[PDB]
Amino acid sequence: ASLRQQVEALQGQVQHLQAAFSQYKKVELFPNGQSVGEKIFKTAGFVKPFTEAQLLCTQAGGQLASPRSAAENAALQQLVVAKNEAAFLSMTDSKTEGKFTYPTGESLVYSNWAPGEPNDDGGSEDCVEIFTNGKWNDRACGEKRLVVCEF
């Protein structure tokens, strides 16, 4: 009877938290984030070379943007369009030239290369940028691109 009165209070608390949390997620994602499935992309809103970008994401407890499907790529592309700045992806062929891999070593399960890419231009393009059109180009890791992490 008193337990029932307290379960009712606890029900009220949980329902309030569900509503407040849903409101808060919207606020957080505006304007630098995108939710797609169970993944969230967030941009830092500035540019860094690959190594520095990579470390920013890992230290934040995530990793560089790693679009694994067309839906993930479109969500990422919204951030790129919004900032009007091409972004680094996480993937490189630093280990084996011509074989792009995730930071875990896993081979790519999805790609969205621009026509003729990857072309290892100048024999030194081992990182990947995503353009405002969502297409990918291999690019030198030392260039500065928009930092976008995934969580």
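Don't overthink the numbering: it's just position in the shown sequence, from 1. Rigid core here is just the name for the largest C-alpha set that superposes within 1.5 Å across the two forms.
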| message | Between 9 to 17 and 135 to 143, which one shows the bigger average Cα displacement from this form in 9 other deposited structures of this protein once the rigid core is aligned? | response | 9 to 17
| field | Comparing 48 to 56 with 97 to 105, the one whose average Cα B-factor in the PDB entry is higher | value | 97 to 105
| remark: The stretch whose C-alpha atoms carry the larger average B-factor in the entry, 27 to 35 or 88 to 96, is 88 to 96
| remark: Scanning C127, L10, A20, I130 for peak Cα temperature factor in the entry gives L10
| Taking the entry's C-alpha B-factors for this chain, is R4 in the lowest, middle or highest third? | highest
| task | Can you work out whether the C-alpha temperature factor of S69 puts it in the lowest, middle or highest third of the chain? | result | highest
